[PDB]
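Engineer: So that you have it, the file is entry-v5.pdb, and it contains PDB, C-alpha atoms:
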```pdb
ATOM      1  CA  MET Y   1      73.215  86.743  77.547  1.00  0.00           C
ATOM      2  CA  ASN Y   2      70.685  83.934  76.658  1.00  0.00           C
ATOM      3  CA  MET Y   3      68.147  83.055  73.918  1.00  0.00           C
ATOM      4  CA  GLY Y   4      64.633  81.622  74.221  1.00  0.00           C
ATOM      5  CA  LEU Y   5      63.437  79.880  71.005  1.00  0.00           C
ATOM      6  CA  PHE Y   6      59.635  79.644  70.706  1.00  0.00           C
ATOM      7  CA  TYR Y   7      57.550  77.816  68.089  1.00  0.00           C
ATOM      8  CA  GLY Y   8      54.109  76.236  67.590  1.00  0.00           C
ATOM      9  CA  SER Y   9      54.190  72.647  68.868  1.00  0.00           C
ATOM     10  CA  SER Y  10      51.675  71.241  66.330  1.00  0.00           C
ATOM     11  CA  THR Y  11      53.645  72.414  63.232  1.00  0.00           C
ATOM     12  CA  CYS Y  12      55.994  70.097  61.286  1.00  0.00           C
ATOM     13  CA  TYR Y  13      59.767  70.818  60.807  1.00  0.00           C
ATOM     14  CA  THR Y  14      59.982  73.630  63.449  1.00  0.00           C
ATOM     15  CA  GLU Y  15      61.155  71.060  66.057  1.00  0.00           C
ATOM     16  CA  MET Y  16      64.304  70.206  64.030  1.00  0.00           C
ATOM     17  CA  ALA Y  17      64.829  73.887  63.113  1.00  0.00           C
ATOM     18  CA  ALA Y  18      64.699  74.604  66.887  1.00  0.00           C
ATOM     19  CA  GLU Y  19      67.029  71.685  67.788  1.00  0.00           C
ATOM     20  CA  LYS Y  20      69.514  72.763  65.112  1.00  0.00           C
ATOM     21  CA  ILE Y  21      69.480  76.539  65.901  1.00  0.00           C
ATOM     22  CA  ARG Y  22      70.162  75.683  69.565  1.00  0.00           C
ATOM     23  CA  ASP Y  23      72.872  73.153  68.586  1.00  0.00           C
ATOM     24  CA  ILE Y  24      74.563  75.515  66.122  1.00  0.00           C
ATOM     25  CA  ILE Y  25      74.611  78.727  68.180  1.00  0.00           C
ATOM     26  CA  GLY Y  26      75.276  76.589  71.297  1.00  0.00           C
ATOM     27  CA  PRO Y  27      73.012  74.644  73.752  1.00  0.00           C
ATOM     28  CA  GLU Y  28      74.630  76.355  76.811  1.00  0.00           C
ATOM     29  CA  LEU Y  29      73.142  79.762  75.769  1.00  0.00           C
ATOM     30  CA  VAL Y  30      70.025  78.799  73.718  1.00  0.00           C
ATOM     31  CA  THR Y  31      66.901  77.270  75.341  1.00  0.00           C
ATOM     32  CA  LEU Y  32      63.941  75.610  73.587  1.00  0.00           C
ATOM     33  CA  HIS Y  33      60.591  77.272  74.427  1.00  0.00           C
ATOM     34  CA  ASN Y  34      58.233  74.750  72.817  1.00  0.00           C
ATOM     35  CA  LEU Y  35      54.767  76.150  73.683  1.00  0.00           C
ATOM     36  CA  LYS Y  36      53.306  72.780  74.800  1.00  0.00           C
ATOM     37  CA  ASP Y  37      56.341  72.513  77.147  1.00  0.00           C
ATOM     38  CA  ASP Y  38      56.373  76.007  78.752  1.00  0.00           C
ATOM     39  CA  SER Y  39      53.969  78.958  79.143  1.00  0.00           C
ATOM     40  CA  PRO Y  40      54.206  82.195  77.027  1.00  0.00           C
ATOM     41  CA  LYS Y  41      54.988  84.644  79.902  1.00  0.00           C
ATOM     42  CA  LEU Y  42      58.421  82.882  80.165  1.00  0.00           C
ATOM     43  CA  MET Y  43      59.284  84.650  76.851  1.00  0.00           C
ATOM     44  CA  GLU Y  44      59.731  87.862  78.894  1.00  0.00           C
ATOM     45  CA  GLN Y  45      62.818  86.488  80.736  1.00  0.00           C
ATOM     46  CA  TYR Y  46      65.163  85.800  77.808  1.00  0.00           C
ATOM     47  CA  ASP Y  47      67.390  88.646  76.534  1.00  0.00           C
ATOM     48  CA  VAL Y  48      66.919  87.216  73.028  1.00  0.00           C
ATOM     49  CA  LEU Y  49      63.668  85.655  71.813  1.00  0.00           C
ATOM     50  CA  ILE Y  50      63.816  83.640  68.591  1.00  0.00           C
ATOM     51  CA  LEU Y  51      60.367  83.101  66.936  1.00  0.00           C
ATOM     52  CA  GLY Y  52      59.833  80.191  64.505  1.00  0.00           C
ATOM     53  CA  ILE Y  53      56.528  79.550  62.669  1.00  0.00           C
ATOM     54  CA  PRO Y  54      55.706  77.687  59.402  1.00  0.00           C
ATOM     55  CA  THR Y  55      53.011  79.355  57.265  1.00  0.00           C
ATOM     56  CA  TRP Y  56      50.336  76.919  55.926  1.00  0.00           C
ATOM     57  CA  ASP Y  57      51.855  73.626  57.118  1.00  0.00           C
ATOM     58  CA  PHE Y  58      48.581  72.183  58.492  1.00  0.00           C
ATOM     59  CA  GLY Y  59      46.971  75.624  57.857  1.00  0.00           C
ATOM     60  CA  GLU Y  60      47.530  79.242  58.964  1.00  0.00           C
ATOM     61  CA  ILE Y  61      48.730  79.324  62.628  1.00  0.00           C
ATOM     62  CA  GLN Y  62      48.108  75.990  64.406  1.00  0.00           C
ATOM     63  CA  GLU Y  63      46.370  75.912  67.804  1.00  0.00           C
ATOM     64  CA  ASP Y  64      49.398  75.646  70.160  1.00  0.00           C
ATOM     65  CA  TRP Y  65      50.692  79.045  68.924  1.00  0.00           C
ATOM     66  CA  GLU Y  66      47.294  80.759  68.383  1.00  0.00           C
ATOM     67  CA  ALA Y  67      46.275  79.770  71.956  1.00  0.00           C
ATOM     68  CA  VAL Y  68      48.952  82.199  73.224  1.00  0.00           C
ATOM     69  CA  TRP Y  69      49.182  84.593  70.191  1.00  0.00           C
ATOM     70  CA  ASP Y  70      46.438  86.657  71.889  1.00  0.00           C
ATOM     71  CA  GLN Y  71      48.697  86.942  75.019  1.00  0.00           C
ATOM     72  CA  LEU Y  72      51.964  87.670  73.137  1.00  0.00           C
ATOM     73  CA  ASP Y  73      50.867  91.348  72.869  1.00  0.00           C
ATOM     74  CA  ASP Y  74      50.321  91.506  76.707  1.00  0.00           C
ATOM     75  CA  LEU Y  75      54.049  90.718  77.179  1.00  0.00           C
ATOM     76  CA  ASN Y  76      56.326  93.722  77.798  1.00  0.00           C
ATOM     77  CA  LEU Y  77      59.213  92.811  75.491  1.00  0.00           C
ATOM     78  CA  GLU Y  78      60.667  96.377  75.396  1.00  0.00           C
ATOM     79  CA  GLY Y  79      64.158  96.644  73.902  1.00  0.00           C
ATOM     80  CA  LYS Y  80      64.666  92.825  73.720  1.00  0.00           C
ATOM     81  CA  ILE Y  81      66.472  91.196  70.803  1.00  0.00           C
ATOM     82  CA  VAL Y  82      64.299  89.069  68.523  1.00  0.00           C
ATOM     83  CA  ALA Y  83      65.027  86.713  65.622  1.00  0.00           C
ATOM     84  CA  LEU Y  84      62.093  85.676  63.399  1.00  0.00           C
ATOM     85  CA  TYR Y  85      62.015  82.784  60.963  1.00  0.00           C
ATOM     86  CA  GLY Y  86      59.446  80.623  59.246  1.00  0.00           C
ATOM     87  CA  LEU Y  87      59.028  77.935  56.614  1.00  0.00           C
ATOM     88  CA  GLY Y  88      56.845  77.898  53.492  1.00  0.00           C
ATOM     89  CA  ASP Y  89      57.253  76.962  49.795  1.00  0.00           C
ATOM     90  CA  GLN Y  90      57.264  79.569  47.023  1.00  0.00           C
ATOM     91  CA  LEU Y  91      56.514  76.967  44.279  1.00  0.00           C
ATOM     92  CA  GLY Y  92      53.182  75.619  45.546  1.00  0.00           C
ATOM     93  CA  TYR Y  93      51.992  78.583  47.653  1.00  0.00           C
ATOM     94  CA  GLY Y  94      53.438  81.905  46.466  1.00  0.00           C
ATOM     95  CA  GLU Y  95      52.260  85.276  47.895  1.00  0.00           C
ATOM     96  CA  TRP Y  96      51.018  83.468  51.081  1.00  0.00           C
ATOM     97  CA  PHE Y  97      54.733  83.029  51.994  1.00  0.00           C
ATOM     98  CA  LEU Y  98      55.860  83.560  55.639  1.00  0.00           C
ATOM     99  CA  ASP Y  99      52.595  85.379  56.488  1.00  0.00           C
ATOM    100  CA  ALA Y 100      52.720  84.108  60.107  1.00  0.00           C
ATOM    101  CA  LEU Y 101      56.322  85.461  60.296  1.00  0.00           C
ATOM    102  CA  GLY Y 102      54.879  88.776  59.075  1.00  0.00           C
ATOM    103  CA  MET Y 103      52.161  88.678  61.762  1.00  0.00           C
ATOM    104  CA  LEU Y 104      54.695  88.087  64.614  1.00  0.00           C
ATOM    105  CA  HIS Y 105      56.771  90.945  63.115  1.00  0.00           C
ATOM    106  CA  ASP Y 106      53.709  93.244  62.988  1.00  0.00           C
ATOM    107  CA  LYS Y 107      52.685  92.395  66.572  1.00  0.00           C
ATOM    108  CA  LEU Y 108      56.256  93.088  67.773  1.00  0.00           C
ATOM    109  CA  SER Y 109      57.130  96.319  65.893  1.00  0.00           C
ATOM    110  CA  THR Y 110      55.204  98.441  68.464  1.00  0.00           C
ATOM    111  CA  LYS Y 111      56.656  96.373  71.379  1.00  0.00           C
ATOM    112  CA  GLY Y 112      60.049  97.919  70.467  1.00  0.00           C
ATOM    113  CA  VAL Y 113      62.134  94.753  69.915  1.00  0.00           C
ATOM    114  CA  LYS Y 114      65.297  94.598  67.749  1.00  0.00           C
ATOM    115  CA  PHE Y 115      64.902  92.309  64.719  1.00  0.00           C
ATOM    116  CA  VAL Y 116      68.094  90.419  63.827  1.00  0.00           C
ATOM    117  CA  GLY Y 117      68.682  88.068  60.884  1.00  0.00           C
ATOM    118  CA  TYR Y 118      66.236  88.999  58.097  1.00  0.00           C
ATOM    119  CA  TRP Y 119      66.660  87.137  54.746  1.00  0.00           C
ATOM    120  CA  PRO Y 120      67.560  88.384  51.193  1.00  0.00           C
ATOM    121  CA  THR Y 121      64.413  88.758  49.032  1.00  0.00           C
ATOM    122  CA  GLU Y 122      66.566  88.597  45.850  1.00  0.00           C
ATOM    123  CA  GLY Y 123      65.686  85.414  43.898  1.00  0.00           C
ATOM    124  CA  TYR Y 124      62.175  85.189  45.483  1.00  0.00           C
ATOM    125  CA  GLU Y 125      58.971  86.505  43.822  1.00  0.00           C
ATOM    126  CA  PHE Y 126      55.986  87.860  45.835  1.00  0.00           C
ATOM    127  CA  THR Y 127      53.791  90.998  46.114  1.00  0.00           C
ATOM    128  CA  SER Y 128      52.730  90.589  49.797  1.00  0.00           C
ATOM    129  CA  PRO Y 129      54.110  93.297  52.202  1.00  0.00           C
ATOM    130  CA  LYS Y 130      53.605  91.419  55.537  1.00  0.00           C
ATOM    131  CA  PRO Y 131      56.728  89.102  55.474  1.00  0.00           C
ATOM    132  CA  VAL Y 132      59.104  91.914  54.290  1.00  0.00           C
ATOM    133  CA  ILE Y 133      60.561  95.367  55.063  1.00  0.00           C
ATOM    134  CA  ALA Y 134      62.467  98.147  53.192  1.00  0.00           C
ATOM    135  CA  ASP Y 135      59.902  98.119  50.364  1.00  0.00           C
ATOM    136  CA  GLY Y 136      60.511  94.382  49.783  1.00  0.00           C
ATOM    137  CA  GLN Y 137      64.362  94.444  49.949  1.00  0.00           C
ATOM    138  CA  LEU Y 138      64.484  92.051  52.976  1.00  0.00           C
ATOM    139  CA  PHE Y 139      62.312  89.361  54.520  1.00  0.00           C
ATOM    140  CA  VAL Y 140      61.700  90.398  58.129  1.00  0.00           C
ATOM    141  CA  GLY Y 141      63.064  86.970  59.242  1.00  0.00           C
ATOM    142  CA  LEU Y 142      64.686  83.765  57.882  1.00  0.00           C
ATOM    143  CA  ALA Y 143      63.013  81.966  54.976  1.00  0.00           C
ATOM    144  CA  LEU Y 144      63.015  78.125  55.127  1.00  0.00           C
ATOM    145  CA  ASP Y 145      61.738  75.716  52.442  1.00  0.00           C
ATOM    146  CA  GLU Y 146      61.138  71.906  52.293  1.00  0.00           C
ATOM    147  CA  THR Y 147      59.925  71.507  48.629  1.00  0.00           C
ATOM    148  CA  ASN Y 148      62.437  73.139  46.225  1.00  0.00           C
ATOM    149  CA  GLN Y 149      65.786  73.448  48.103  1.00  0.00           C
ATOM    150  CA  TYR Y 150      65.414  71.089  51.132  1.00  0.00           C
ATOM    151  CA  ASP Y 151      69.066  69.958  50.607  1.00  0.00           C
ATOM    152  CA  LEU Y 152      70.314  73.481  51.529  1.00  0.00           C
ATOM    153  CA  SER Y 153      67.699  74.352  54.204  1.00  0.00           C
ATOM    154  CA  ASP Y 154      70.503  73.110  56.534  1.00  0.00           C
ATOM    155  CA  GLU Y 155      72.708  75.825  54.964  1.00  0.00           C
ATOM    156  CA  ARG Y 156      69.967  78.436  55.500  1.00  0.00           C
ATOM    157  CA  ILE Y 157      69.675  77.448  59.200  1.00  0.00           C
ATOM    158  CA  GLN Y 158      73.497  77.309  59.697  1.00  0.00           C
ATOM    159  CA  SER Y 159      74.479  80.576  58.041  1.00  0.00           C
ATOM    160  CA  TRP Y 160      71.525  82.498  59.531  1.00  0.00           C
ATOM    161  CA  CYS Y 161      72.180  81.118  63.037  1.00  0.00           C
ATOM    162  CA  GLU Y 162      75.825  82.231  62.816  1.00  0.00           C
ATOM    163  CA  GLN Y 163      74.671  85.621  61.514  1.00  0.00           C
ATOM    164  CA  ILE Y 164      72.048  86.285  64.213  1.00  0.00           C
ATOM    165  CA  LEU Y 165      74.507  85.296  66.990  1.00  0.00           C
ATOM    166  CA  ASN Y 166      77.013  87.836  65.583  1.00  0.00           C
ATOM    167  CA  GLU Y 167      74.504  90.587  64.865  1.00  0.00           C
ATOM    168  CA  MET Y 168      72.729  90.257  68.243  1.00  0.00           C
ATOM    169  CA  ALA Y 169      76.104  90.337  69.983  1.00  0.00           C
ATOM    170  CA  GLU Y 170      77.499  93.368  68.162  1.00  0.00           C
ATOM    171  CA  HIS Y 171      74.125  95.017  68.962  1.00  0.00           C
ATOM    172  CA  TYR Y 172      74.345  94.353  72.718  1.00  0.00           C
ATOM    173  CA  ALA Y 173      78.100  95.164  73.047  1.00  0.00           C
TER     174      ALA Y 173
END
```
Show me, as structure tokens, the structure contained in the file I just sent.

Structural biologist:
Amino acid sequence: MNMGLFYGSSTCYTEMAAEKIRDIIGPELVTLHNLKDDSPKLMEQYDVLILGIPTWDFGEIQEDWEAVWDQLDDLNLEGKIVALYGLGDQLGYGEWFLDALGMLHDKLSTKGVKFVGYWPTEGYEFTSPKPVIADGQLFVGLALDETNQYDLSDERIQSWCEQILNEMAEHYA
């Protein structure tokens, strides 16, 4: 099977997250779906669809993602595998963490996708329900940072990418 990897073109860092996910899992089976580069209805094709969005980089949801966010609910998506991730910083923001991840989760829950990946909430502090599941026991997608632990954001991408490729595969088998 194959993976599309979509993100908002105007947002910082998501380009290198996308490059690295695709490199790590493998560029023969992952495809970049930068929204400036290809249209949103292409998301329907891929057996897996990885979503990446920073929360409050320039602001909540930059234009290149919002311009199609309204159409992402028109897409069928039934039964497809999905990974979600986003970036924020829990030092300087806090509570407003991963809220755009939470919105792509909330849009997709009724579309009947499978969410792979998640992230451990242990060691984070928040009260917001949108970026999490299981009464706050997991983030509903990968948590990235660039302020407090930027040295190991590579580790977060690596280990999560290996995990989602396993967990999506054991799911489909």

Engineer: Taking all atoms listed in the file into account, name the residue in Y:76, Y:158, Y:137, Y:55 that is nearest to residue 97 in chain Y.

Structural biologist: Y:55

Engineer: Just so the selection is clear, what residues does the PyMOL selection byres ((chain Y and resi 48) around 10) cover here, as a VMD selection string?

Structural biologist: chain Y and resid 1 to 5 30 43 to 47 49 to 51 77 79 to 83 113 to 116 165 168

Engineer: When you count all atoms listed in the file, which of these residues is closest to residue 150 in chain Y: Y:89, Y:23, Y:38, Y:28?

Structural biologist: Y:89

Engineer: With 3 Å of padding per side, what axis-aligned box (centre and edge lengths, Å, one decimal) covers all the listed atoms of range 155-158 of chain Y? Give it as lines of an AutoDock Vina configuration file.

Structural biologist:
```
center_x = 71.6
center_y = 77.1
center_z = 57.3
size_x = 9.8
size_y = 8.6
size_z = 10.7
```

Engineer: Between CA of residue 155 in chain Y and CA of residue 24 in chain Y, what is the distance in Å, rounded to a tenth?

Structural biologist: 11.3 Å

Engineer: The PyMOL selection byres ((chain Y and resi 129) around 12) on the file shown: which residues, as an MDAnalysis selection string?

Structural biologist: chainID Y and resid 95:99 101:103 105:106 121 125:128 130:140

Engineer: I want to know what sits within 12 Å of residue 59 in chain Y, based on all atoms listed in the file, with residues of the same chain fewer than 2 positions away left out; could you give that as JSON, numbers by chain?

Structural biologist: {"Y": [10, 11, 12, 53, 54, 55, 56, 57, 61, 62, 63, 66, 88, 93, 96, 99, 100]}

Engineer: Using C-alpha atoms, can you export the residues from the last selection as a JSON list (two decimals), in the coordinates of the input?

Structural biologist:
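Printed below is again.json as written:
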```json
[["chain", "number", "residue", "atom", "x", "y", "z"],
["Y", 10, "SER", "CA", 51.68, 71.24, 66.33],
["Y", 11, "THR", "CA", 53.64, 72.41, 63.23],
["Y", 12, "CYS", "CA", 55.99, 70.10, 61.29],
["Y", 53, "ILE", "CA", 56.53, 79.55, 62.67],
["Y", 54, "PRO", "CA", 55.71, 77.69, 59.40],
["Y", 55, "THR", "CA", 53.01, 79.36, 57.26],
["Y", 56, "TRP", "CA", 50.34, 76.92, 55.93],
["Y", 57, "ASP", "CA", 51.86, 73.63, 57.12],
["Y", 61, "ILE", "CA", 48.73, 79.32, 62.63],
["Y", 62, "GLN", "CA", 48.11, 75.99, 64.41],
["Y", 63, "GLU", "CA", 46.37, 75.91, 67.80],
["Y", 66, "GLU", "CA", 47.29, 80.76, 68.38],
["Y", 88, "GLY", "CA", 56.84, 77.90, 53.49],
["Y", 93, "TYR", "CA", 51.99, 78.58, 47.65],
["Y", 96, "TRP", "CA", 51.02, 83.47, 51.08],
["Y", 99, "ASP", "CA", 52.60, 85.38, 56.49],
["Y", 100, "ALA", "CA", 52.72, 84.11, 60.11]]
```
